[PDB]
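Lettering follows sequence order; numbering is per chain, from 1.
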Amino acid sequence: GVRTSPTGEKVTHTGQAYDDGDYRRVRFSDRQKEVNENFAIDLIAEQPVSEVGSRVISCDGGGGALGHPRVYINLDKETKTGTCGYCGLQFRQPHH
Amino acid sequence: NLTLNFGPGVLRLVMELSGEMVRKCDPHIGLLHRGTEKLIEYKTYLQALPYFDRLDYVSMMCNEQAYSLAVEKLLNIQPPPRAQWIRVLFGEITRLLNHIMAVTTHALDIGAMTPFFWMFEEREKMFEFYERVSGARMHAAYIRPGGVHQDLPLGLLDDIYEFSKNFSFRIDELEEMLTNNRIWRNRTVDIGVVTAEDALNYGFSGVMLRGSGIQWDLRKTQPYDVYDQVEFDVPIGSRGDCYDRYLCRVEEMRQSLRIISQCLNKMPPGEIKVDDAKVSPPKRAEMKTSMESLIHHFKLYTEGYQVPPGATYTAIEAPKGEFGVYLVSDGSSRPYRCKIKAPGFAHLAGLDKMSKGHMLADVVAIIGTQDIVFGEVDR
Amino acid sequence: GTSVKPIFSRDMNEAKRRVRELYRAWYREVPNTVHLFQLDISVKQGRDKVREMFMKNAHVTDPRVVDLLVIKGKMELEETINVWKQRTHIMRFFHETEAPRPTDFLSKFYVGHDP
Amino acid sequence: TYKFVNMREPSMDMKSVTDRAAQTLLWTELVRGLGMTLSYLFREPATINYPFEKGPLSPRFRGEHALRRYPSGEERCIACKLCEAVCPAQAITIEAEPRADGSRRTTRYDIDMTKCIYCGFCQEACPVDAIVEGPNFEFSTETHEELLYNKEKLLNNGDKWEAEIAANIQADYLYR
Amino acid sequence: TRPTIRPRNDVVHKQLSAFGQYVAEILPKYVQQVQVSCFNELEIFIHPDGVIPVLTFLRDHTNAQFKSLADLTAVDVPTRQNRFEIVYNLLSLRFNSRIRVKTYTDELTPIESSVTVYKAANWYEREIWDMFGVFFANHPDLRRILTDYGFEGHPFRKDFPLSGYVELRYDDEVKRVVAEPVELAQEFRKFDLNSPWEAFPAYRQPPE
Amino acid sequence: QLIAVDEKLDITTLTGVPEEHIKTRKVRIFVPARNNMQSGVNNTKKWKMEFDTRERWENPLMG
Amino acid sequence: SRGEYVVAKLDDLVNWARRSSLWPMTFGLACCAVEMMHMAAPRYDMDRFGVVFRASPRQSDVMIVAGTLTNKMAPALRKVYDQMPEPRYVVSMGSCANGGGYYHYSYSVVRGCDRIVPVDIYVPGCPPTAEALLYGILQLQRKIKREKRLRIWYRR
Amino acid sequence: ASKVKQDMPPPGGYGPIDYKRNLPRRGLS
Amino acid sequence: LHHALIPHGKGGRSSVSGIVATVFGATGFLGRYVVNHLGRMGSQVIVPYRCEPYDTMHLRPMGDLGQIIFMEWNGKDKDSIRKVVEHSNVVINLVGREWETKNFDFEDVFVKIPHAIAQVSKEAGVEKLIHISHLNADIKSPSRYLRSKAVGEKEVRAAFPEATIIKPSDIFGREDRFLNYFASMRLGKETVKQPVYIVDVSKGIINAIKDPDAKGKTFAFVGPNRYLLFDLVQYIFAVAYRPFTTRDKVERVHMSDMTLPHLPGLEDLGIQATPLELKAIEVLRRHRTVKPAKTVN
Amino acid sequence: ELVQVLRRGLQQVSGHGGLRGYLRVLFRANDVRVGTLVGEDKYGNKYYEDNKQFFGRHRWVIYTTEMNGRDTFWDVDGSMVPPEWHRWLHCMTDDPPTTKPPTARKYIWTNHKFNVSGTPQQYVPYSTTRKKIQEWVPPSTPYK
Ligand SMILES: CCCCCCCCCCCCCCCCC[C@@H](O)O[C@H](CO[C@H](O)CCCCCCCCCCCCCCC)COP(=O)(O)OCC[N+](C)(C)C
Ligand SMILES: NC(=O)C1=CN([C@@H]2O[C@H](COP(=O)(O)OP(=O)(O)OC[C@H]3O[C@@H](n4cnc5c(N)ncnc54)[C@H](OP(=O)(O)O)[C@@H]3O)[C@@H](O)[C@H]2O)C=CC1
Ligand code: SF4
Ligand code: SF4
Ligand code: SF4
Ligand SMILES: [Zn+2]
């Protein structure tokens with residue numbers, strides 16, 4: 001989800017953009033500004049929340065040894081969903 | 001008598017000449033002094049391993065092996081047998097690489113220049129072997145202070161055998177071009193003669209010793225990895241001149257082929273790094289499933305392993321001579337002192353004596369027969 | 001007590017003698033150095049620079065330190081005699097590319113925090 | 001055990017002396033070297049037709065760096081800073097902060113590719129396989145500045161080379 | 001001690017200890033200490049005045065004849081009054097053995113040059129002078145060997161900064177290469193890697 | 001054979017340090033305080049000598 | 001009219017001549033020189049591109065700085081550059097020549113050969129494979145092909 | 001399940017490798 | 001002061017001086033010295049070049065990474081000037097050709113281009129503008145070069161009221177066109193010349209940038225000593241160890257150097273003008289294979 | 001014999017689609033060999049192999065004449081090969097991306113780009129972090 005500054009610059013996923021009076025914009029004259037279009041926060045926001053019928057669920061990120069270290073997530077809090085610290089995937093117990 | 005300054009590896013050379021005869025020769029070095037030893041003191045042992053690839057940059061895994069042997073001696077651990085066999089096999093491959101480079105650049109400087117190409121084809125094949133094992137053509141950083149970084153891929157030994165069973169004919173072609181040629185003889189025979197006592201006193205090592213008839217080789221006298229097990233012959237010269245060192249280096253290529261055959265046949269099974277996760281990192285699967293393995297991976301890659309306090313001097317029979325490291329450890333994860341002993345330093349020191357009463361065109365041949373690479377000379 | 005081992009001298013008089021000999025050699029060399037290296041400075045400027053370098057170490061009151069500086073200056077002289085240095089090495093003594101660092105408190109206060 | 005390389009004694013009978021004299025006068029070894037070079041002319045050259053033909057490589061080959069991401073599309077890097085702690089050349093600079101959703105993500109990830117020594121320590125220290133040193137080696141540059149990669153450049157490198165990077169990791173990961 | 005521990009050699013330890021006795025007995029005027037490490041390295045600590053005598057004896061004696069000089073170096077320990085530690089490594093081909101001789105010095109006390117005993121030491125000693133500032137008396141030609149001409153300071157001393165004090169560039173004004181005070185675009189990152197919780201109890205020091 | 005001269009040792013003229021890095025710096029000699037995040041005390045055994053902090057600025061390129 | 005056409009064609013001819021025969025000299029300072037020699041080996045064979053092997057400094061077109069540039073070496077590098085005939089191009093090979101690399105924070109190392117000479121092409125690697133250096137040489141050739149000296153003179 | 005599979009020489013080893021010097025004499029007195 | 005423009009460092013290669021300078025005509029004899037003096041102290045330099053990129057190559061090592069930025073332009077277009085000086089706070093004008101081309105006369109070079117540059121600089125908000133004219137510049141002068149300079153100097157001051165005008169007097173240097181011109185010859189006794197050293201002019205431009213009170217002032221950059229043409233050429237030929245450009249150059253070089261005591265000079269910016277006797281050997285050592293000329297004061 | 005090599009030369013001429021294609025490949029790739037076509041690339045590259053050639057010469061690519069935006073009849077470079085064919089061509093695998101395509105991801109580039117240095121699309125480095133110290137904003141109202 002790439003945005004655009006009022007001056008016209010693209011806004012990176014880190015939110016960085018030179019302000020109007022900043023001389024450093026001269027570096028982009030006759031050239032381009034290197035910006036990634038795929039924002040990880042938006043892409044992970046589009047993932048579905050899984051529903052597993054256990055109090056604790058394990059995540060390795062998929063792929064086994066090609067993922068991240070295995071972690072275990074508690075799903076006892078019904079107000080929210082358990083989020084993996086590495087992968088960002090969300091889990092949930094089947095409420096109602 | 002006039003003074004000549006042959007300036008810009010890269011070498012500056014100041015000589016006093018009376019006619020054509022060389023009266024005085026004075027090499028000025030330091031044009032490739034980067035300060036490796038001081039920079040090492042700011043790195044951990046793992047972080048300081050890659051400098052040794054750059055030290056003598058024609059024989060990389062030999063420097064890696066010497067550094068690893070010193071660190072292992074200070075750590076009081078030993079690599080597994082398969083790691084030692086891999087180390088010796090790639091050390092002999094590296095010896096082949098170094099000897100090809102030395103002999104063919106010697107000939108090139110003399111003016112032959114055809115075997116240079118003939119044998120850099122083989123050198124490219126050996127670089128492919130280095131690349132397959134570590135992902136890097138020359139600075140592999142493959143041999144670590146606990147064994148080797150990774151295991152051989154499943155087709156490497158077959159290709160090594162296929163390469164090594166034709167190399168003898170390449171050496172034979174090189175010999176046909178160089179050994180009996182009368183111009184080569186008259187360029188090399190009775191040039192740069194060194195006596196055994198002067199060779200010993202001046203600190204010479206390697207072929208420079210054996211060219212004068214001294215029977216010495218660290219692979220035979222003080223074997224380090226699996227050298228005692230493998231059988232090979234040590235070529236010994238008789239006159240102490242450039243031609244005898246040439247013959248010694250060619251015969252060393254042949255004996256390296258012999259050892260390579262033996263290593264290929266006697267490869268054992270097992271693991272490749274010491275099974276001690278406080279020195280050598282655990283596997284990725286263990287690191288991603290075990291708590292102890294994750295903690296040890298974290299600590300080994302951020303802080304490093306602490307080495308017990310002490311000072312050691314470890315030497316190996318590198319292709320250019322005795323390559324040594326004087327390593328001083330204060331008990332932390334960074335070395336307190338790392339002095340490097342390169343045979344090129346001593347040989348270039350003796351160049352002045354060895355080029356006495358010779359023509360100006362023989363200084364080239366003497367520098368070539370010393371096998372001087374200025375990365376190790378200047379450090 | 002405080003007995004220490006001599007390098008070259010036994011007291012400060014011999015150190016002064018060696019300093020004077022070194023200054024003699026440097027003063028003799030300055031003209032040949034200016035001519036041979038094709039410097040754009042005057043022989044007066046070179047000799048004034050030699051005087052300034054010798055004056056930098058005027059407060060030394062230790063014969064060991066003094067004759068060690070004499071050995072270092074002799075090494076430098078031998079470098080310049082044998083033309084082991086280049087124009088760049090010789091020209092450095094003059095810092096012709098460095099902006100004048102001010103000394104007064106007000107000027108330093110304006111440029112930055114460095115005392 | 002040891003061998004002698006130059007401990008031969010020439011025979012002094014008349015036939016051997018005549019052989020040596022004939023070699024000296026008629027240049028037999030010189031003609032034999034000529035023959036060696038001539039034979040070597042008539043064999044196939046080892047040259048490859050670059051850039052239409054490429055030198056062989058390995059899955060273990062180290063090349064231009066990249067930052068990978070999971071199948072979902074989220075970047076793998078979690079700002080643990082082990083790659084920056086292990087870098088022998090201090091080429092990596094990292095700055096992190098909690099994201100808008102509380103995730104542990106970097107805000108700065110710079111590699112100075114003029115300081116890098118391409119040792120691969122960074123990719124073998126990473127626990128989540130985020131930083132990799134990919135297969136690309138043809139990325140020569142006309143200015144010094146374009147070799148100072150920031151996070152956007154490395155992420156673009158990853159999204160550009162992901163197919164072959166993942167294939168190489170699949171081929172090689174069982175050796176690690 | 002299972003396969004992950006380096007094997008130990010008692011025979012060589014005993015032999016090196018005996019030869020340490022022998023060298024100690026013959027030269028009581030200079031030798032101050034003898035040590036044999038766990039990995040069978042034998043080093044002898046001597047007084048600076050014994051450098052020529054100790055070195056000559058090792059080389060020429062029928063039982064020593066350490067005719068090869070493998071290496072000569074220095075170590076900087078600023079906490080000591082005698083700042084520099086001079087180390088000689090010697091190899092004997094006759095008995096297939098190695099020895100180490102250690103000595104101490106400071107900034108202003110010269111050491112006797114052993115070029116007379118070993119021709120190998122010549123360049124080695126020059127390097128020490130270049131790198132630490134240790135003066136060697138009666139050296140045939142002592143000068144810098146590795147640093148740039150006119151370089152001020154001795155880089156391998158512990159109080160010398162890593163990047164030094166000056167750096168070189170090209171100036172088009174004076175049309176030459178010039179040296180100016182060092183400024184770094186990115187400063188070297190100093191890491192505090194040492195951990196508490198000492199690792200090796202066998203080296204614990206008394207709490208004084 | 002011994003000078004037996006009496007004077008405090010001062011090697012500033014031999015070390016090669018620039019003039020303003022001697023008379024302007026202020027060093028601190030101290031035993032580093034134990035990190036409060038850990039209970040180990042092995043880092044508070046020796047004495048450290050360090051210097052006074054000078055200015056660090058931002059690189060216009062790469063920050 | 002035809003005035004621009006003739007200068008464009010003549011400039012194309014001169015560019016083709018200049019980039020079709022590049023004679024380099026190589027400062028083989030360090031281990032990047034080994035990969036430079038492997039680019040002259042049979043497998044890659046720089047000579048087949050018209051790039052001869054080890055031209056003299058007096059008749060050299062491009063300077064290849066392959067290795068670490070120390071402070072003791074920079075004056076000689078600049079002097080050899082100054083003696084080169086024009087047009088002259090400089091190619092920086094490897095990390096040590098690009099920006100100091102593994103010896104960047106050293107007292108005796110020049111933090112990049114571009115502190116001394118202007119550089120046209122940067123070849124990254126430690127060391128850049130012989131194929132990478134060949135790619136850099138061909139990129140320099142394309143850069144020469146892109147230049148246009150006669151048109152600029154015509155319009156001034 | 002699966003057993004160990006790593007790079008090993010084939011059963012019986014590899015064939016002999018020539019290393020001796022081989023410079024044949026062409027032959028004419 | 002817009003934090004990104006606050007000076008930082010010790011005035012070195014990698015420091016920041018808060019100067020964003022656009023140097024028009026930076027590929028000339030004076031431009032290289034100006035750009036070197038700017039970049040050796042940490043300032044960012046924007047350089048616009050009509051010519052091939054290869055010609056500018058020498059400037060590359062004059063500044064740290066990213067500190068020198070090259071962009072193409074032409075005087076006939078105003079958009080290029082607008083994009084080149086868009087972010088600068090100092091604009092230095094060094095554009096000038098001593099002869100006539102089929103596309104650019106003296107009116108194009110010295111009047112239209114500087115006027116458009118000043119107009120665009122004023123529109124874009126550039127704080128400081130420095131212009132270079134000649135010491136001998138007057139409308140009444142017979143020479144087109146001098147006459148053009150007067151018209152341009154006036155029109156620039158009209159466009160940029162607080163601009164600073166610098167009038168150097170016959171600059172000499174290593175790449176100059178004075179000493180090289182007279183040393184390549186291998187009519188006088190009434191013409192007197194007042195040469196000025198190139199480094200002094202460059203430092204004067206730098207100080208005028210750093211001097212706040214030199215907003216609307218006009219300067220005359222002159223040397224220490226006045227020389228007759230004949231004995232000056234005699235000295236030039238003596239230094240080169242030698243036995244003793246169409247129509248405008250000769251008429252300009254036979255023209256005597258004006259004197260403007262009212263205008264402030266280099267000494268008002270804190271520059272001790274270097275005598276030609278020191279730098280003559282430096283310039284003329286390359287023309288070879290002591291008794292300085294008399295000066296009038 | 002010699003007639004056999006001549007017939008192979010004539011077959012080599014004919015297998016390039018006539019004299020025109022023969023001269024095209026001769027003047028573009030400096031090589032007129034004929035091998036089995038392995039695959040077609042979406043940017044126009046052709047891939048061929050010949051297992052009877054020695055290692056290194058047994059696979060090759062004929063670059064397209066127009067990639068993203070430039071005429072590539074003469075200006076070809078090795079950065080024009082997409083990553084899957086890059087892996088096949090550099091002999092990191094035996095499996096061309098036609099027999100087994102790579103895994104498809106929504107974030108993977110759908111359009112490979114060559115080296116863009118010396119081109120307005122070149123990468124310009126910049127800092128991706130925000131301002132660290134914030135300045136005080138004076139009030140717009142007067143004090144007296
Ligand atoms: C007879 C009078 C002589 C007077 C003096 C002149 C000297 C003799 C003139 C003859 C010179 C021969 C020129 C032939 C050049 C064509 C080469 C062709 O192959 O170039 C192609 C295209 O190159 C250029 O586009 C063509 C430029 C050639 C010259 C253009 C017009 C010149 C005519 C002017 C003649 C008037 C002479 C007046 C001056 C005296 C592609 O090559 P290139 O891309 O590089 O290399 C890529 C390699 N790949 C394909 C493997 C990747
Ligand atoms: N004799 C002297 O040295 C002193 C000169 N004068 C003034 O000093 C100024 C510059 O000094 P100097 O170095 O000697 O001049 P130069 O001849 O050395 O360089 C002229 C500069 O202006 C540029 N330039 C010239 N014409 C044009 C144009 N039509 N369009 C775009 N750019 C152009 C040049 O670029 P390019 O090379 O690409 O054409 C170049 O950058 C001049 O404006 C002159 O009037 C001041 C007193 C005397
Ligand atoms: S790339 Fe990997 S090792 Fe580096 S900071 Fe990110 S997660 Fe940590
Ligand atoms: S490859 Fe090595 S030097 Fe390069 S970034 Fe990774 S760890 Fe640092
Ligand atoms: S650039 Fe890299 S490969 Fe080349 S010499 Fe330096 S460290 Fe070695
Ligand atoms: Zn997860």
Side-chain angles (χ1 to χ4, degrees), chain E residues 74 76-79 83-84 107-108 126-134 143-194, chain I residues 7-17 23 26-45 47 55-68 171 173-176 197-206 274 278-279 281-283 285-286:
Chain E
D76 185 25
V77 189
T79 197
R83 199 192 169 151
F84 306 107
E107 283 91 336
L108 298 182
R126 271 179 72 190
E127 189 186 20
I128 297 184
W129 158 252
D130 207 358
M131 291 285 118
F132 297 89
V134 177
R143 46 181 165 102
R144 81 172 70 253
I145 190 173
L146 293 177
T147 61
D148 193 8
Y149 299 113
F151 185 85
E152 294 294 328
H154 308 276
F156 279 12
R157 289 183 174 190
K158 277 277 171 171
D159 45 344
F160 195 82
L162 179 55
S163 309
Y165 296 105
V166 299
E167 65 183 1
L168 266 61
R169 75 181 176 93
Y170 178 78
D171 194 19
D172 188 79
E173 181 176 299
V174 292
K175 291 278 193 310
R176 71 173 179 265
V177 172
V178 300
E180 321 206 320
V182 61
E183 293 191 1
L184 295 161
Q186 180 166 46
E187 173 198 13
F188 183 83
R189 260 88 55 81
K190 182 183 61 72
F191 286 167
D192 291 331
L193 297 173
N194 266 307
Chain I
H8 282 123
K10 271 210 319 181
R13 184 176 175 86
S14 66
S15 296
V16 178
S17 65
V23 189
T27 59
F29 164 49
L30 172 58
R32 57 196 299 151
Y33 287 78
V34 165
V35 167
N36 174 275
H37 276 270
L38 274 171
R40 69 163 59 186
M41 93 179 173
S43 58
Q44 179 158 47
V45 188
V47 173
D55 291 335
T56 61
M57 288 302 289
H58 64 277
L59 309 164
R60 289 288 181 103
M62 301 215 168
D64 213 2
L65 288 197
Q67 287 284 56
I68 304 191
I171 306 168
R174 218 184 294 249
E175 298 98 4
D176 63 356
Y197 194 32
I198 179 68
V199 183
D200 292 343
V201 184
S202 304
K203 291 181 181 178
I205 298 170
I206 291 313
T274 65
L278 308 173
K279 306 305 179 177
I281 178 65
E282 165 207 307
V283 179
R285 201 186 290 261
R286 73 185 205 84

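A salt bridge links I:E175 with E:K175; the closest basic N to acidic carboxylate O contact falls under 4.0 Å.
Per-residue counts of heavy-atom pairs under 4.5 Å with chain E were compared for I:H58, I:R174, I:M62; the largest is that of I:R174.
With rounding to the nearest 0.5 angstrom, the CZ atom of I:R40 is 5.5 Å from the CZ atom of E:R169. For the atom pair E:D171 CG and I:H37 NE2, the distance stands at 7.5 Å (nearest 0.5 Å).
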Q: Check the pair E:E180 / I:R13 against side-chain contact (heavy atoms from CB on, under 4.5 Å), numbers first and verdict last.
A: CA-CA 9 Å; E:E180 321 206 320; I:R13 184 176 175 86; 5.8 Å; no
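Contact annotation for E:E183: both backbone and side-chain heavy atoms come within less than 4.5 Å of a heavy atom of chain I. At a 4.5 Å heavy-atom cutoff, E:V178 makes no contact with chain I through either its backbone or its side chain. For a residue to count as touching a neighbouring chain, one of its non-hydrogen atoms must lie under 4.5 Å from one of that chain's; by this rule I:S15 touches chain E with backbone and side chain alike.
Listed here is the closest heavy atom pair of E:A185 and I:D64: CB-OD2, 4.3 Å.
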